[PDB]
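Trainee: Got a sequence here, can you build the structure:
(one chain, ligands or ions: 1)
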Amino acid sequence: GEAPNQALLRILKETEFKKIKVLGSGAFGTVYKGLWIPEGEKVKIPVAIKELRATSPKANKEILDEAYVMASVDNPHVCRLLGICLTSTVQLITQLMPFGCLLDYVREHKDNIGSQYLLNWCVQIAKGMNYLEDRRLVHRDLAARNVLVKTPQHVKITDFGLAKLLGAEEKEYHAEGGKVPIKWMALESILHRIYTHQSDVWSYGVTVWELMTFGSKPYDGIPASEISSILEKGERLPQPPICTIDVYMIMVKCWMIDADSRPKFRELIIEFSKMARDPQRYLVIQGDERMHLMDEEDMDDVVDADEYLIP
Ligand SMILES: CN(C)C/C=C/C(=O)Nc1cccc(-c2c(-c3ccccc3)oc3ncnc(N[C@H](CO)c4ccccc4)c23)c1
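Mentor: Residues are numbered from 1 along each chain as shown. Please see the structure below:
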């Protein structure tokens, strides 16, 4: 009737891993960096570990839903669950992504990110998303904050809270508890709480826009109430400065009204691959190589004394 989900859910002992330091104490719990040392083996695996504070009644069924889907994915551009630990409070264990979320990263390194990294990230995210679509899965929260950085050359999608499965028969998902980030959401999602792989494509467009802007807040001024209307009026996010029309047009197609006329992730991979073979033709970034005499002002007639000889 549907494909059986034969994913393993590993149970891990509290003793076989050491928390080292807190990475993030949000209102969603806290996440530690840690080391997982399975006793059987002779390995040590850098991990991230997530738990929530009291047992919130629903929220403990929420984190186990996240566990369910993180354990059900296996792609190089998607964070997989390593195991759960059933202590007083449940802990999710996953591979450590040392450089944190992409959003922070484009901000903390604006001046040192070239077109090849930007376009290669766009490829990689579309592969991750094309995989989740192959696995009949709808993320419902794609955003630059929810893409983590293993290295600057390798990013993966994460945060599978909110993610939902869809059999062969359904093409859609009707949410109820509407607390989803408004500014990454398709129109159909904001109006009718409909979620499709093509609504993920919209959120992909907004994610790409975040990156090409080195981490700007979309609709930076505007409040969530309005978003529905101005998107309906036909307004969209502006063309980022570094973006050619070629790139910006792909974004805009992710933001069409008719969801079926937006591009498929399998297409976004192709089109961004093509572009990543000649990056500087499609993204113009002042200084696009390396910016390395440490003066900190604006001067184009600076010469070095070693090249200024006896007048
Ligand atoms: C809000 N803005 C700041 C945008 C960016 C937000 C952000 O990066 N938050 C975040 C919060 C907590 C941990 C992490 C986080 C970091 C990290 C590493 C170094 C510095 C900072 C973070 O490394 C991670 N590796 C794997 N999963 C992670 N974290 C998810 C939680 O979803 C997870 C862990 C275990 C199991 C499942 C999932 C993280 C990332």
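
Trainee: CA atoms only: put stretch 168-177 into PDB for me.
Mentor: In PDB, the C-alpha atoms belonging to stretch 168-177 read as follows (Å, rounded to 0.1, in the frame of the first residue of the first chain):
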ATOM      1  CA  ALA A 168       1.700   8.300  -3.500                       C
ATOM      2  CA  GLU A 169      -1.900   9.300  -3.300                       C
ATOM      3  CA  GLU A 170      -1.700  12.700  -1.500                       C
ATOM      4  CA  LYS A 171       0.000  15.600  -3.300                       C
ATOM      5  CA  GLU A 172      -0.600  18.100  -0.500                       C
ATOM      6  CA  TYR A 173      -0.700  18.700   3.300                       C
ATOM      7  CA  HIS A 174      -3.200  20.700   5.300                       C
ATOM      8  CA  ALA A 175      -1.700  22.100   8.500                       C
ATOM      9  CA  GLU A 176      -3.700  23.500  11.400                       C
ATOM     10  CA  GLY A 177      -1.400  24.900  14.100                       C
END
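
Trainee: quick one: contacts of that stretch?
Mentor: When contacts are defined by Cβ atoms under 8 Å, 6 or more residues apart in numbering, stretch 168-177 is touched by residues 2, 136, 138, 140, 164, 166, 193, 194, 195, 196. The way it works is simple: take the backbone N, C-alpha and C, and place the C-beta from them, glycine included.

Trainee: can we see that at 6 Å?
Mentor: Stretch 168-177 has contacts (Cβ atoms under 6 Å, 6 or more residues apart in numbering) with 138, 164, 193, 194, 195.

Trainee: Longest helix in the chain, please.
Mentor: The residue-count maximum for a helix in the chain (DSSP state H) belongs to helix 115-134.

Trainee: So which elements touch that one?
Mentor: When contacts are defined as 3 or more Cβ pairs under 6 Å, 6 or more residues apart in numbering; DSSP states H and E, helix 115-134 sits against strand 154-157, helix 197-212, helix 265-276.

Trainee: Just name the most buried of those.
Mentor: Of all those, helix 197-212 has the most neighbours on average by mean count of other Cβ atoms under 10 Å, namely a mean of 25.

Trainee: Helix or strand next in line after that helix, which one?
Mentor: helix 224-233 (DSSP states H and E).

Trainee: Give me the distance between that following helix and the centre of its chain.
Mentor: Between the centre of helix 224-233 and the centre of its chain there are 24 Å (Cα atoms, centre = their mean, to the nearest Å).

Trainee: tell me the angle of that helix relative to helix 197-212?
Mentor: 110 degrees (axes from the mean of the first three to the mean of the last three Cα atoms, to 10 degrees).

Trainee: Any chance you could list what contacts helix 224-233?
Mentor: 182, 187, 190.

Trainee: From residue 246, how far off is the closest residue to residue 245 other than its chain neighbours?
Mentor: The shortest distance from residue 245 to any non-neighbouring residue, by Cβ to Cβ, 6 or more residues apart in numbering, is to residue 239 (7.7 Å). Distance, residue 239 to residue 246, by Cβ to Cβ, to the nearest Å: 11 Å.

Trainee: residues contacting residue 252?
Mentor: Residue 252 neighbours (Cβ under 6 Å, 6+ apart): none.

Trainee: quick one: which helix or strand includes it?
Mentor: Using DSSP H and E, residue 252 falls within helix 245-253.

Trainee: what does residue 310 give?
Mentor: Using DSSP H and E, no helix or strand contains residue 310.

Trainee: same deal with residue 69?
Mentor: Per DSSP H and E: residue 69 is located in helix 57-70.

Trainee: Quick check: residue 83 is in a helix.
Mentor: No - remark: residue 83 does not belong to a helix; assigned using DSSP: H, G, I helix; E, B strand; the rest coil, it is strand.

Trainee: list the contacts for it?
Mentor: Contacts of residue 83 (Cβ under 6 Å, 6+ apart): 10, 12, 93.

Trainee: repeat that with 7 Å
Mentor: By Cβ atoms under 7 Å, 6 or more residues apart in numbering, the contact set of residue 83 is 10, 11, 12, 93.

Trainee: Mark which of the residues you listed are buried, thanks.
Mentor: Neighbour-count burial (16 or more other Cβ atoms under 10 Å) applied to the contacts of residue 83 gives 12, 93.

Trainee: What parts of this protein come near the ligand?
Mentor: Within the chain, the positions near the ligand by Cβ under 6 Å from any ligand atom are 23-24, 31, 48, 50, 92, 94, 96-98, 100-101, 103-104, 145, 148, 158-159.

Trainee: Can you list which of those are found in helices?
Mentor: Within these, membership in helices is found for 103, 104, as judged by DSSP H.
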